[PDB]
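*Asks:* Opening piece of a complex, kept in its complex position:
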Amino acid sequence: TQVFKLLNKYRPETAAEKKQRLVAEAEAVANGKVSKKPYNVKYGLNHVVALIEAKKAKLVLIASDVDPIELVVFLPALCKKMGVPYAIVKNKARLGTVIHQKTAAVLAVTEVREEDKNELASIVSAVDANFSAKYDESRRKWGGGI
Amino acid sequence: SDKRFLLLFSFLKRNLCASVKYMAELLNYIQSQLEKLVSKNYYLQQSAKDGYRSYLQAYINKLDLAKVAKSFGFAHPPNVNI
């Protein structure tokens, strides 16, 4: 819930908001008439996988139950390889609602405003201590067999 | 290795090829603040990335590349070839 408390600040604007905003510029141009970089969360498998490789991602959150598991099975290794702090968040539909979609296979925080830069750093140290510091060794054992 | 520029920036203030161009571009425009401006400026970033290419090529396995990039003002070492 703490991870998603931050994420729900950087939700990309909906197709409803992306239009109501762009009409305002259009009427400003139509009568008589520049900004700052839009800050939001990065989603999409190809887009995110590129970001880790380009080392532009600060934190990766991997949906735990992707149907063909081929999609994300390589992700923890790759994020470990590039040194990107990652976590396997429960359920895709939680990650789906952050971006206004039915489902998201993976999210990634790439850059936040200075105001929330301290919160992200606090969370990243928690994911280190609660996800990667814990387990770690258990990730190298064959699951199941119960 | 990660503070070479900082010493020169401080000393110059107290006593106020591509690598030479990179130094002038930042000096005219002017650690996290230095890394922020370069990553937010397109023309400055091209000079900074070029500067690391020249310095590493001019100088091999001894220098700490990650600290070298921090000296120029980049978060991580760029994917420079040799």
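*Replies:* Nice, thanks for sending it over. Residues are numbered from 1 along each chain as shown, chains lettered A, B, ... in the order given.
*Asks:* Quick check: the residue of chain B nearest chain A.
*Replies:* residue B:76 (5.3 Å; C-beta to the nearest C-beta). Where you see a C-beta, it was placed from the backbone N, CA and C, and this is true even at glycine.
*Asks:* and chain B, which of its residues are near chain A?
*Replies:* B:40, B:75, B:76 (C-beta under 8 Å from any C-beta of the partner chain).
*Asks:* rewinding a little: how close does the nearest residue to the residue of chain B closest to chain A once chain neighbours are set aside sit to residue B:65?
*Replies:* Computed as C-beta to C-beta, 6 or more residues apart in numbering or on different chains, the closest residue to residue B:76 that is not its neighbour in sequence is residue A:55, at 5.3 Å. From residue A:55 across to residue B:65, the span is 14 Å (C-beta to C-beta, to the nearest Å).
*Asks:* residue nearest the centroid of chain B?
*Replies:* With distances taken as C-alpha atoms, centre = their mean, residue B:72 lies nearest the centre of chain B, 1.4 Å away.
*Asks:* residues in contact with that one?
*Replies:* By C-beta atoms under 8 Å, 6 or more residues apart in numbering or on different chains, the contact set of residue B:72 is B:5, B:22, B:38, B:48, B:51, B:52, B:55.
*Asks:* which residues are contacting the helix or strand harbouring the first one?
*Replies:* It refers to residue B:5. Using DSSP states H and E, residue B:5 falls within helix B:4-14. With contacts defined as C-beta under 8 Å, 6+ apart, helix B:4-14 is touched by B:27, B:30, B:31, B:34, B:71, B:72, B:73.
*Asks:* Spatially nearest residue to the fourth one (excluding sequence neighbours)?
*Replies:* Nearest residue to residue B:34 in three dimensions, chain neighbours excluded: residue B:73, at 4.5 Å (C-beta to C-beta, 6+ apart).
*Asks:* quick one: contacts for the one you found?
*Replies:* Listed by C-beta under 8 Å, 6+ apart, the contact set of residue B:73 reads B:5, B:26, B:31, B:34, B:35, B:37, B:38, B:48.
*Asks:* include chain C too:
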Amino acid sequence: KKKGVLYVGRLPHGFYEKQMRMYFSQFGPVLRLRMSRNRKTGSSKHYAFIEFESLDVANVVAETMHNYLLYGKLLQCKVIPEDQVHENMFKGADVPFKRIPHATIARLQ
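*Replies:* If we add chain C to the chains shown above, we get the following:
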């Protein structure tokens, strides 16, 4: 049986003697609780020692609230074995700490 004693570190501003007691009570009864504070102004030192009736209960908390991200702080709590526990981690425990107004009493004096 065996008196479990627990340490809690990196206290968020607010998690003070009463707040901890009303929280750890539902985990189990808490007998003697002290939270380290500044000698002069009684300000928080942001780390407290608590006691539990059994080490088994004392180790119960140490595997849940350890690395508990709270208000941006990673709570540090783990069982401190009894070999090195001192006599008075709870000297004045469960007692409203006295902060004396040193400045004003000087002006009155």
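*Asks:* on that earlier part again, roughly how far apart are the residue nearest to the centre of chain B and chain C?
*Replies:* Separation of residue B:72 from chain C (C-beta to the nearest C-beta, to the nearest Å) stands at 32 Å.
*Asks:* The lengthiest helix in chain B - contacts with which helices or strands?
*Replies:* Counting by DSSP state H, the longest helix found in chain B is helix B:42-58. Applying 3 or more C-beta pairs under 8 Å, 6 or more residues apart in numbering or on different chains; DSSP states H and E, one finds that helix B:42-58 contacts helix B:18-29, helix B:32-40, helix B:65-72.
*Asks:* Out of those, which is closest to residue C:60?
*Replies:* Nearest of those to residue C:60, taken as C-beta to C-beta: helix B:32-40 at 41.8 Å.
*Asks:* Between helix B:65-72 and the closest one, find me the angle.
*Replies:* Angle of helix B:32-40 versus helix B:65-72, following axes from the mean of the first three to the mean of the last three C-alpha atoms, to 10 degrees, is 90 degrees.
*Asks:* Would you mind extracting the C-alpha trace of helix B:32-40 into CSV?
*Replies:* In CSV, the C-alpha atoms belonging to helix B:32-40 read as follows (Å, rounded to 0.1, in the frame of the first residue of the first chain):
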residue,chain,number,x,y,z
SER,B,32,23.0,16.5,-7.9
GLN,B,33,22.3,20.0,-9.3
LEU,B,34,25.1,19.6,-11.8
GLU,B,35,23.8,16.1,-12.7
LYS,B,36,20.2,17.5,-13.0
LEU,B,37,21.0,20.3,-15.4
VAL,B,38,22.9,18.1,-17.9
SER,B,39,20.2,15.4,-17.9
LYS,B,40,17.7,18.2,-18.5
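*Asks:* packing partners for it?
*Replies:* helix B:18-29, helix B:42-58.
*Asks:* Check the ones you listed for me and report the most buried one.
*Replies:* Highest mean neighbour count among the helices and strands packed on helix B:32-40 (mean count of other C-beta atoms under 10 Å in any protein chain shown): helix B:42-58, with a mean of 16.
*Asks:* okay, chain D goes in next:
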Amino acid sequence: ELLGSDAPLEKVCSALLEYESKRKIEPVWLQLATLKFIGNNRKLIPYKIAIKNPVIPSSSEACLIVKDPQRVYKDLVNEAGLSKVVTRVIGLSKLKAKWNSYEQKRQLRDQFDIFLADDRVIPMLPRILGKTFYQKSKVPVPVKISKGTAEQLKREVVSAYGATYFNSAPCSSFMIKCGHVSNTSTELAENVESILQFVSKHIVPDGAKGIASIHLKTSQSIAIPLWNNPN
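*Replies:* Chain D goes in next, on the same frame as the chains above:
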């Protein structure tokens, strides 16, 4: 003369300078003792004690925290040409949000030399700065820039640079910065007299009568008593 119908200054100031040079800049601090409490509680606001010889070096970089928006003040600094002195202007809102942690606040403190503040912003400055700033010998000053004009800002900056900074707290004795060792003895004496007039006017409740002892020293020197109350 105001203190005890006499002014045993100048000669004492010259002797202190010779002693400091002999015992081979170190600030010049005057130790003053009062018969009563100067303040009933800590007062975390500056005392704009104007002096002829400033103690703040002219090479010091200044950051002037202003009320929002920062663009209006930033444009004012550009118009007035004080950018050589006014290093950075940060709005009150941006000060609260951008710099929050203890680490970030420490760096945002050490990144400048003197942190001036607007008259309408000095109140909330007690927080959003923390003990990192308000207790590590870097307190804000109330620069009056409410007029919103280049001349008003320029005059305030000049006055702020040329004025000493003091922050009274509930006690009986306090030390005020009077200058540096490199400063001339005559200039230090003039500054000391100016502070003494300010001390009796708006600091000491009983004026010179309330002042019990006056002594001067450096940071590590001995507080040689300049004068004592005869009564």
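*Asks:* quick recheck of the contacts of residue B:72 now chain D is there?
*Replies:* Counting by C-beta under 8 Å, 6+ apart, residue B:72 touches B:5, B:22, B:38, B:48, B:51, B:52, B:55.
*Asks:* can you pull the buried residues of stretch D:96-115?
*Replies:* Within stretch D:96-115, the residues scored as buried using 16 or more other C-beta atoms under 10 Å in any protein chain shown are D:98, D:99, D:100, D:101, D:104, D:105, D:108, D:109, D:112, D:114, D:115.
*Asks:* tell me the contacts of residue B:1?
*Replies:* Residue B:1 neighbours (C-beta under 8 Å, 6+ apart): B:63, B:64, B:67, B:68, B:71.
*Asks:* quick one on the thing from earlier: ok, the residue nearest to the centre of chain B to chain D distance?
*Replies:* Separation of residue B:72 from chain D (C-beta to the nearest C-beta) stands at 21 Å.
*Asks:* cool, and residue C:27?
*Replies:* 31 Å.
*Asks:* May I ask you to confirm that that residue is in contact with residue C:57?
*Replies:* Yes. Under the criterion of C-beta atoms under 8 Å, residue C:27 makes contact with residue C:57 at 7.2 Å.
*Asks:* tell me which parts of chain C are close to chain D?
*Replies:* Counting by C-beta under 8 Å from any C-beta, chain C sits next to chain D at C:103, C:104, C:107.
*Asks:* Could you do chain A as well?
*Replies:* Residues of chain A lying near chain D (C-beta under 8 Å from any C-beta): A:114, A:115, A:118.
*Asks:* For ChimeraX, write the select line for the buried members of those residues.
*Replies:* Buried residues among the residues of chain A next to chain D (16+ other C-beta under 10 Å), as a ChimeraX selection:
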select /A:118
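*Asks:* Put together JSON lines for the residues of chain A next to chain D, with distance to chain C and secondary structure on each row.
*Replies:* As requested, these are exported to JSON lines (distance: C-beta to the nearest C-beta, whole Å; DSSP: H, G, I helix; E, B strand; the rest coil):
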{"residue": "A:114", "distance to chain C": "15", "secondary structure": "helix"}
{"residue": "A:115", "distance to chain C": "13", "secondary structure": "helix"}
{"residue": "A:118", "distance to chain C": "7", "secondary structure": "helix"}
